[PDB]
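Note sheet for the following structure.
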Amino acid sequence: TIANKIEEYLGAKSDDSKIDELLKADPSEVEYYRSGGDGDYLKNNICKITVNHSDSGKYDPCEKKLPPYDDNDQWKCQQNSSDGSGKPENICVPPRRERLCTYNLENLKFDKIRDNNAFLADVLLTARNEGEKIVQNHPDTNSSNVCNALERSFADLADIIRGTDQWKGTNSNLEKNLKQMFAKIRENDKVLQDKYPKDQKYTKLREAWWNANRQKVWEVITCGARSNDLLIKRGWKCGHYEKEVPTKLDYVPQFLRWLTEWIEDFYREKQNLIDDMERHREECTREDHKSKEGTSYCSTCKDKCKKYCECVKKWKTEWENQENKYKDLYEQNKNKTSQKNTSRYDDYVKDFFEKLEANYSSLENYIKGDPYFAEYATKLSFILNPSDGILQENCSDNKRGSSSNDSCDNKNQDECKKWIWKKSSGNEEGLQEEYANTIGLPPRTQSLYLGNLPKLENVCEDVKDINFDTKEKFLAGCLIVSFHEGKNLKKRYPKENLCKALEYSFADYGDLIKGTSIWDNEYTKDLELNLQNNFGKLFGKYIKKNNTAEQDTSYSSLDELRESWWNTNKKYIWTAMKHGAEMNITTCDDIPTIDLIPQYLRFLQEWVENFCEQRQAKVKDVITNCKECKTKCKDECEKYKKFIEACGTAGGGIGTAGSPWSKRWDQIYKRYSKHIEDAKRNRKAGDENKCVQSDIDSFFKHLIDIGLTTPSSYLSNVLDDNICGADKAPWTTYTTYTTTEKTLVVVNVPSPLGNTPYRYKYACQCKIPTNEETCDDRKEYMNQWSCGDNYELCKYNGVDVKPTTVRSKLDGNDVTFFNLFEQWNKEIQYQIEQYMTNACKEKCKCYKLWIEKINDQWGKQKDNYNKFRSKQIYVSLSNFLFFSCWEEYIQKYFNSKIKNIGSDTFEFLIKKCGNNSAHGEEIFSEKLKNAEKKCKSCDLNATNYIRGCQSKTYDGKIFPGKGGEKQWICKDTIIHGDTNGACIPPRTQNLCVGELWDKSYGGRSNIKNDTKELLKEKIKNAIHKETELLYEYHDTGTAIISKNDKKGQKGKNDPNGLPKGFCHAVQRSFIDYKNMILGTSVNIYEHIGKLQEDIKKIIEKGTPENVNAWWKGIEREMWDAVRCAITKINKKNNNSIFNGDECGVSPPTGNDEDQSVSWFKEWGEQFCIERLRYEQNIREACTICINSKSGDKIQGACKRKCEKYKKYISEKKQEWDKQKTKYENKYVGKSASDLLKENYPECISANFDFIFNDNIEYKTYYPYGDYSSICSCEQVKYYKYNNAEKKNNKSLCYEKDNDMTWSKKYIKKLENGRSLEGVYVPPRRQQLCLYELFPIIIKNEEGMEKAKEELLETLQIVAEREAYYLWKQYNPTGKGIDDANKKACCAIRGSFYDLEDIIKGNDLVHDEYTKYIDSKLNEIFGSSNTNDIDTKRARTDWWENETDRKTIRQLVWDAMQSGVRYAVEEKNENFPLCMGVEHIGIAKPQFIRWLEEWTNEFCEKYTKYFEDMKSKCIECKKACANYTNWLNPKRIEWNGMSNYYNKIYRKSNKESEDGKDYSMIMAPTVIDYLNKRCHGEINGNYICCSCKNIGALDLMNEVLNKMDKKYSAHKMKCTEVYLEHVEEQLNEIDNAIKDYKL
């Protein structure tokens, strides 16, 4: 076995060993041993394996906590354990092996490996730990030293796993272990059960397994090696990407390997001695020995001389003895004895013994070739032939604050051609294997006079040898290289670009002398070796930080004492290059601070300057001849076309190297994005003075928090914004377009690098554009349906008509019509709403423009629906539209199309839909018309005396009068406001009817002998008096609405000079009189019913209804009357005389004229003001529970105030309940809490449905609602899993609903014109359990830096209980424990991510809870003045830093785990196969997560409903009805969501709609994203959707408009049964309408 020829046949047992396909184990299976294992987190990159893969307690990093590789000159050569008795050293053992990081394999005693895969994972973990301990600990030359040491440890591991160990130690403990696991493996496989030769076939089968997994183990063990290591001396890199085990060292004999090891270790250390005896060589005695001065400076020379002598003597003895031990077996190889016999194997030791001992005295060419042997001499005889300029600072990059030019200055210090992109460089100019073809080495770099050098010391042809001994000589070599290169470059180019390219070349040197060259060539990776071993001699003596304290003063790690050397002395390099290319004079001390930028980024900026210069040259002519296009500029546009479209043809740009610009940009984007993602997950960031320190990772992490993902954005930031293009096309605006492939309609999105420059797309081939497309590209309104005598079908989109026959009955294309119409009719209706809410004038023109589109579409649909009915005449678009608009409601709340007990919603529907009971389609025409009309005196003695009205008292008598208050009269009464709905306001009750009514003994209508005129005049006078009284009542602050906080009830004054809320009071009083005049739901005074009767009589006698018209006419009269009132009052007022422009020039609008609605609004404002007053009083009385006895309840002051609040809220509970249910019934869809919140900003902190909570626990555990917080002084503490007491009933939110649907509501209105929509809240997220947060948050408003404690506690509590309840909702609601556990784990992870986004404030919902929660988080973390982005950063990293060794999003995850454990224990099951991971990754953007969840649940429901319907089909009416009722509303979901995706994909934190950082999503379309996302299993982590043969994933969009094949088989039956159901349900609805009409 020469190890070169015999082995290739003795090897090759990994291809003809079909067991290998099952013996090729691999990690990346389901969670490993429930100890943090994972599948994808390793298949993506096997390198990033952690200890948490088998048990991490037994399998921790090797627990031999004996100093590794940093020890004395220990060499087990003497009597140590058994070697030394008769055989002094059985085998040449270095300390390296004794530190072989296999103590992970001492504590492996366990059996459930259940695959070769887990055992592979264990051994690979050991290999990776060994590789790390090697690389971080190897103070040496050190390139060859570290590389050889790594491969030698790999070969030692090979022997160990193969069992061919020769060192004796604690191996049997793991030896019989690996025996038993291998036995387990061979009993797992039937094919390998063909191999049971005793003993368990250790040797042969372990060799087979080693040859099966050697590739993986070698690949991983070298992963922890920096790229600038040059591992393998075959491509002499990092040796990691060799794609095959490059070394054969694992195959050489173990004992031969170790004797070579040992001789080379002696060799390295003896060269160390021969050079370090020259430390004080100025006084080292190369002459007569002197020791008279008595110091350790001259006698040391002889000391080390004799030490080296004794070393060589002892090594001589041990060498010759080792020779004998491998030789004294001559006449006994082989007998079967174990006295002094060494037995190694049957294939590799035999040839060794017969060659090197029997017939040959010494060994052969191999060990002579690579490992040198006679540096001093060979003294072993198994091989013969013995030959016997600075020293200064580093920098940590203080970075600036985004001044649009991206130049980080400097930081702390220290004391002492043609852009070939081809592929990873094989044997010529290319890129390193990391950057196979991603950024594309520019042509100036190649041929830079240094990469054109095999060796630096070959500075010039004139010099023959090396002067590099002193620092100055090496620095001068660098200087002359720099000067010559500058000369060459100036020779090249001619100017201003000169300095730019000179800066780039300077950065190239600055990276080469730091060894991080992204590229490489035939003269690279060897000059790099020369640089390293040169630095080893001079400036190589300070590398002594492979230690435990590191002293932070020697800066010792080859790079640091190399890159630090570069940071210094680069002033001299740059000046010399300036003194090279003669552009020297102070033009461009000054240093080009660009070298700190990663070389990849500048290889981007270069080649972007190239593309820009070419493009601006090619467009400058274009922008001329297209001037509106004048006559003929299509030719030069076509030149630009072909330039930017060429697949590297002759006609086209240069630098693209073949593939067109689009593909190359895509590669660049992928590389940059994955760099961003790698930078996201790493624990290194900006430290000395709050600055990002170091190499690519930290710099990229600095870009994040500035955005600057999507290299387009980077470019837009760092470019000059004018280098390319007369058309200032920004690097945002991806500008979609399509082209042919160079199968014909392929599309692309290059941002300012698509054909047809920025605006001149229309202008090419002049065709002066019309108004429609100028709207279309703006994407203003986008009705994408394209209707253009059969049916003239209104096609939706690029989903072509596929008419199918399953069948005057319905037949073929016929059905499609209805269904298409069914969707169009639906969607357009829905569509109309948003654009109704929509409305410079450009969008107005767009709005008109799509209006006639819709009008014509409706015209054609109406036309051909008549044709449809005509075919089916042997159901009229007035029946059907009515039915469908009713169906919207009946499916929204009900599902259930039978129970019709509304009796109040009926009015709302008939106003909306069904006047005259399904007679007319006019709802649609009316909506269209509405879309059309949306194209955007008493200053006399006004003694208005009343004998029966005095100062207002309903809110208490005016000061100093105390008491006399009124309350809210309620369900139907007589004395005040006979009204079945909302309760009666006290202000209404004390209305001051004036002289309009009197008593005269008690009770009397005095308006009996009057007519219109004097009655109205008396009304006017009464209004005057009552508004004067109201104004006085509000000036004094007696009015509850008028009272402010602790201030004198007048601190808030409106910007009109009027008492607070007195505006609203006057408006409500006017509304009260208005609704009183005509018969409405008001009787608001003793017997006003007779007053409406009196009006009806006294008016409807002379006019001949007419009361209504007369009131409408005199409405302006009475409103100008109250205007004149306010004028005279404010001129009587001590302030300035205001005008009739008191709030409302016209009377209050008829919209907010529903007396119930106005009453409710007034009540809500009253309630908010009183709640705030009570809260103020509480915080006054609950800030010093003071002196509480257990349990520590409120002690009477806090207790009394808070109990007053409790009683108040107790009665307002039923009050608000009744009022809100009446309102919501009357105003279906809208919510009372909103109405209050926008109409009254006074209560934003108020949270109805919580202060008025209905759950009993949320009353008994919450005795004071929201104020069951700080009112209750108990200092709630979170309890972990183990705690004897639990969080039982602490936050017992009810069990989650299962079938509540997605909502577009509560989506935040984002900013100026951003306005995200088409995004809908996932069900589980909107029914999120977060209630316990709200109360203490109210307490948390005060007491910063102490509230965060409570926040952490409540987050843990709520996370735990939420996980418990969500698991309960998923898992025990089912028995398929595998997939149920997977789905529950996915839901829990999604919930955790949503909660984290809430903490980070990146959540998109702003419902009553989350809105206030986010506001309070901002006010808490943002102390007083921090910018919004800074507040986000603070509440983000506070979420990211630990309290005690564990970060917030680790404690929360633990709370989730403990909640799941409670759920499992209660259900009495096993812990899930998921949920056990102790380290989850980072979250995709919440929109992406919601999209994934939506697809998952949609495919689930589809596979359920369609299967049910197919199985069913007389009765399957219910089945396909369920299917189609779930489908259609779910269809508009997808359209809006896909539209939003297309708006936001590949955009980064400064160009996406939201500020949220996207662009980890590289997919042109959402369909392409999903089919490339979860086309597989549904495992607990990172694959959470799973869709299967939905049409037997573009059939996703195909089926939403139910047109695909898989449904066409049943479409005909389903449409007929649907139509019959429509007929019967229409009958029912008209019957119900007729029923209500009485």
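As shown in the structure tokens, the chain order sets the letters A, B, ...; within each chain, residues go from 1, and ligands are also counted from 1 in the order they appear.
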- Residues within 8 Å of residue A:238, only C-alpha atoms, excluding chain neighbours under 5 positions, as JSON, numbers by chain: {"A": [222, 225, 226, 227, 228, 229, 230, 231, 232]}
- Task: Any chance you could list, as a ChimeraX atom specification, the residues in stretch 657-748 of chain A that come up strand (DSSP E or B) when DSSP is run on the backbone?
- Result: /A:737-739,746-748
Write out, as a PDB file, in the first residue's frame, the residues just selected, with N, CA and C atoms.
ATOM      1  N   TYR A 737     -41.525  44.336 -16.722  1.00  0.00           N
ATOM      2  CA  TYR A 737     -41.816  44.253 -18.147  1.00  0.00           C
ATOM      3  C   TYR A 737     -41.600  42.815 -18.590  1.00  0.00           C
ATOM      4  N   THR A 738     -41.863  42.541 -19.863  1.00  0.00           N
ATOM      5  CA  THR A 738     -41.730  41.196 -20.401  1.00  0.00           C
ATOM      6  C   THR A 738     -40.897  41.199 -21.675  1.00  0.00           C
ATOM      7  N   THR A 739     -40.368  40.026 -22.003  1.00  0.00           N
ATOM      8  CA  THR A 739     -39.509  39.861 -23.167  1.00  0.00           C
ATOM      9  C   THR A 739     -39.550  38.402 -23.597  1.00  0.00           C
ATOM     10  N   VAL A 746     -41.640  35.546 -21.233  1.00  0.00           N
ATOM     11  CA  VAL A 746     -40.988  35.626 -19.933  1.00  0.00           C
ATOM     12  C   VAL A 746     -40.985  37.070 -19.455  1.00  0.00           C
ATOM     13  N   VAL A 747     -41.032  37.247 -18.140  1.00  0.00           N
ATOM     14  CA  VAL A 747     -41.105  38.568 -17.539  1.00  0.00           C
ATOM     15  C   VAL A 747     -39.873  38.793 -16.676  1.00  0.00           C
ATOM     16  N   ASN A 748     -39.668  40.050 -16.297  1.00  0.00           N
ATOM     17  CA  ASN A 748     -38.557  40.454 -15.454  1.00  0.00           C
ATOM     18  C   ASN A 748     -38.872  41.794 -14.802  1.00  0.00           C
TER      19      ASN A 748
END
- Would you kindly return, as a list in words, each protein, DNA or RNA residue with an atom no farther than 8 Å from any atom of stretch 1461-1463 of chain A, considering only C-alpha atoms and excluding same-chain residues fewer than 2 positions away?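 My list of contacting residues is residues 1281, 1364, 1365, 1367, 1368, 1457, 1458, 1459, 1465, 1466, 1467 and 1471 of chain A.
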- Task: Counting only C-alpha atoms, figure out which residue out of A:668, A:1125, A:810, A:1405 gets nearest to residue A:1316.
- Result: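 Selected residue with least distance to residue A:1316: A:1405.
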- Show which residues sit within 12 Å of residue A:73, as a PyMOL selection string. Count only C-alpha atoms, and ignore same-chain residues fewer than 6 positions away. chain A and resi 94-96+265-266+269+311
- Task: Quick one: everything within 7 Å of residue A:224, counting only C-alpha atoms, minus sequence neighbours fewer than 3 positions away in the same chain. Send it as JSON, numbers by chain.
- Result: {"A": [131, 132, 221]}
- Task: For stretch 1079-1081 of chain A, please output as a list in words all residues within 10 Å (counting only C-alpha atoms; exclusion window: fewer than 2 positions along the same chain).
- Result: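 Selected residues are residues 977, 978, 979, 980, 981, 1074, 1075, 1076, 1077, 1083, 1084, 1088, 1089, 1091, 1092, 1093, 1095, 1096, 1107, 1108, 1154, 1155 and 1156 of chain A.
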- Item | DSSP alpha helix (DSSP H) residues within stretch 1349-1565 of chain A, as a ChimeraX atom specification | /A:1349-1370,1377-1400,1408-1421,1428-1437,1448-1467,1486-1512,1517-1544
- Message: So that I can check the surroundings of stretch 588-590 of chain A, please list as a ChimeraX atom specification every protein, DNA and RNA residue that reaches within 12 Å of it, counting only C-alpha atoms and ignoring chain neighbours fewer than 4 positions away.
- Response: /A:409,495-503,570-575,577-578,582-584,594
- Counting only C-alpha atoms, figure out which residue out of A:67, A:598, A:1390, A:1003 gets nearest to residue A:1085.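 With only C-alpha atoms as the atom set, the closest residue is A:1003.
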- Query: Which is closest to residue A:713 among A:1231, A:1245, A:587, A:404, if we use only C-alpha atoms?
  - Reply: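 Result for the nearest residue to residue A:713: A:404.
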- Item | Closest of A:691, A:23, A:840, A:120 to residue A:49 - atom-to-atom distances counting only C-alpha atoms |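 When distances to residue A:49 are compared using only C-alpha atoms, the smallest one comes from A:120.
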- Rounded to one decimal in Å, what is the spacing between atom CA of residue A:433 and atom CA of residue A:649? 27.2 Å
- Query: What is the distance, in Å and to one decimal place, between atom CA of residue A:322 and atom CA of residue A:101?
  - Reply: 26.7 Å
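Across the structure, atom CA of residue A:1629 and atom CA of residue A:917 are spaced 8.2 Å apart.
Of the listed residues (A:116, A:72, A:1265, A:1280), A:116 comes nearest to residue A:184; the distances count only C-alpha atoms.
Restricting the calculation to only C-alpha atoms, the smallest distance between residue A:367 and any of A:290, A:325, A:3, A:1214 is found for A:3.
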